[PDB]
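Structure, as structure tokens:
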Amino acid sequence: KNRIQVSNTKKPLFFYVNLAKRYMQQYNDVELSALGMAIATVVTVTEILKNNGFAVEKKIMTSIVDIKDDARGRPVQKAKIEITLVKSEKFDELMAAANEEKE
Amino acid sequence: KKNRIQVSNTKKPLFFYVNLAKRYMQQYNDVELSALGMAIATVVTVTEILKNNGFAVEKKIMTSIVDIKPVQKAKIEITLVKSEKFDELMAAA
Amino acid sequence: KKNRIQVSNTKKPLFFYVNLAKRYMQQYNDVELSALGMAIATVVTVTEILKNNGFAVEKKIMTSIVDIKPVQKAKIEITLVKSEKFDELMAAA
Amino acid sequence: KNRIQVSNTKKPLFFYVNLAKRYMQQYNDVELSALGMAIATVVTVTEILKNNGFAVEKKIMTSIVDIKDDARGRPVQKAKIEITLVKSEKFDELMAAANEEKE
Ligand SMILES: [K+]
Ligand SMILES: [K+]
Ligand SMILES: [K+]
Ligand SMILES: [K+]
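Chains as they are written, first to last, in my numbering: chain S, 80 to 182; chain A, 73 to 165; chain V, 73 to 165; chain L, 80 to 182.
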């Protein structure tokens, strides 16, 4: 339920950042995974969330797994990253201070 | 449509697009390579690989902002053609 | 040179370039953003961030292949200008 | 001596792939590290080397460290990847079969 898999090149970067912010607020943590050319997105989302102050990372892992590839006959290999983030202590404030609602 | 490759598959290997572009040049002479957002890097890489290795030359390289079904995304369109050293590099590869 | 940002620093945060572009628009109205090879993705992202959030509009978006001191690299050049909603988004940000 | 740190945007992808092939032939293994927008390069180099058959990965790690940032006054955070590869059993053959030298 709190999993985001980046692949669709039609989506804007902020879709994922905001989708992660949601899942974090709703579920405390969030998972972010991506393959090959999509790892840049998850990398950038994490840098954004960490820097602006929303979250802290709990696990950051990149592996090389196999992928079913009917064209090549036998599976090819791709880099896959998996990043679990959890809400930071400043998250609630930020998800309000930007809206002038910070109590 | 037959000579246009759209890069939008994160599972694919870089070479699927480099080799597909080479197979297309063999057929149609030219080949179009396009992509949105995060996939532009791949098209960029493909082109650079083909330019540098001497397989081809570019004819058109255009980047524009398009509306997606509004959300805007960068889209690059690259048209390549076989270079004078193509057929030999292929017969030797 | 004062209104041109060249993205070529892997240590920098995405926002250093988004915010720098916003500070430049405040000064010169427009702002040029350029990059080679792997850095084109960042320029692509910067632009998309500014287009979507409503800060600005593009004027020029060109990608070309250039010789580096020959080795070829893709280079993108993007010129932006403040959008009619700029000053308000900045005074509110 | 067998370390490659990707940063320079003027370099072609094949510079790194071939530099890694060299360090591997010379030193058995090779290290490949990169920050943020440069992780895509190391990711692609590894996929290339693994797929074409040159190497096997021994360690693949992405972390979020601090970086000195005089402009922001206090360090920002960036993603950093580190990938150690070692020569595969097919490496020697490939670094010859392509040259019609495969004995
Ligand atoms: K309030
Ligand atoms: K096609
Ligand atoms: K400047
Ligand atoms: K021989």
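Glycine residues also receive a C-beta, built at the ideal position from the N, C-alpha and C atoms.
Checklist entry - Mind checking whether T119/V and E130/V have CB atoms under 8 Å apart? => result Against the third sequence, residue 119/V aligns to sequence position 47. Against the third sequence, residue 130/V aligns to sequence position 58. Yes, the pair counts as a contact, with Cβ atoms nearer than the cut-off.
Item to check | Any C-beta of chain S under 8 Å from that of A113/V | outcome: Mapped onto the third sequence, residue 113/V falls at position 41. With 8 Å as the cut-off, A113/V counts as an interface residue toward chain S.
Next on the checklist: I need the straight-line Cα distance from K123/V to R82/L, nearest angstrom please.
Outcome noted: The residue given as residue 123/V occupies position 51 in the third sequence. The residue given as residue 82/L occupies position 3 in the fourth sequence. Taking the straight line from one Cα to the other gives about 39 Å.
Next on the checklist: I'd like to know if the region 102–111 of chain S and the region 158–166 of chain S are in contact, where contact means that at least 3 CB-CB pairs between them fall below 8 Å.
Outcome noted: yes
Next on the checklist: Closer than 7 Å to a non-hydrogen atom of ligand 2 - does that hold for the CB of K84/A?
Outcome noted: Looking up residue 84/A in the second sequence gives position 12. Because no heavy atom of ligand 2 lies under 7 Å away, the Cβ of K84/A does not count as near it: no.
Next on the checklist: Counting only Cβ pairs nearer than 8 Å, list the residues of chain V close to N130/S.
Outcome noted: Translated into positions along the first sequence, residue 130/S becomes position 51. Those within 8 Å of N130/S in chain V are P85 and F87.
Checklist entry - Is the Cβ of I140/V closer than 8 Å to any Cβ of chain S? => result By one-based count along the third sequence, residue 140/V stands at place 68. No, its Cβ sits nowhere closer than 8 Å to a Cβ of chain S.
Item to check | Interface flag, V155/S vs chain L, CB-CB below 8 Å | outcome: Taking the first residue of the first sequence as position 1, residue 155/S is located at position 76. Chain L contact via Cβ: present.
Item to check | Endpoints, the alpha helix (DSSP H) within which residue 187/L is located | outcome: Given that chain L is displayed from residue 80 to residue 182, the structure contains no residue 187/L and the question cannot be resolved.
Item to check | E120/V (DSSP reduced to helix, strand or coil) | outcome: If you number the third sequence from 1, residue 120/V lands on position 48. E120/V falls in the helix class under three-state DSSP.
Next on the checklist: When you compare the CB positions of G109/A and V138/V, do they come within less than 8 Å of one another, or not?
Outcome noted: Locating residue 109/A in the second sequence gives position 37, counting from the first residue. Locating residue 138/V in the third sequence gives position 66, counting from the first residue. Contact: no.
Next on the checklist: Quick check on the DSSP output: the alpha helix (DSSP H) that includes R95/A runs from which residue to which?
Outcome noted: Position 23 of the second sequence, counted from the first residue, corresponds to residue 95/A. Unbroken alpha helix (DSSP H) run through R95/A: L86 to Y100.
Checklist entry - From what residue to what residue does the beta strand (DSSP E) around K145/A run? => result The residue given as residue 145/A occupies position 73 in the second sequence. First-last of the beta strand (DSSP E) with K145/A: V143 to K154.
Next on the checklist: Within 10 Å of its beta-carbon, does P85/V have 16 or more other beta-carbons around it, so buried, or fewer, so exposed?
Outcome noted: Residue mapping note: residue 85/V aligns to position 13 of the third sequence, counting from 1. Buried, because 16 or more other Cβ atoms sit within 10 Å of the Cβ of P85/V.
Checklist entry - How about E104/V: is its Cβ closer than 7 Å to a heavy atom in ligand 1? => result On the third sequence, position 32 is the one that residue 104/V refers to. No, ligand 1 has no heavy atom inside 7 Å of this Cβ.
Checklist entry - For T135/A, does the three-state DSSP call read helix, strand or coil? => result Start at 1 with the first residue of the second sequence, and residue 135/A comes out as number 63. Reduced to three states, the DSSP call for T135/A is strand.
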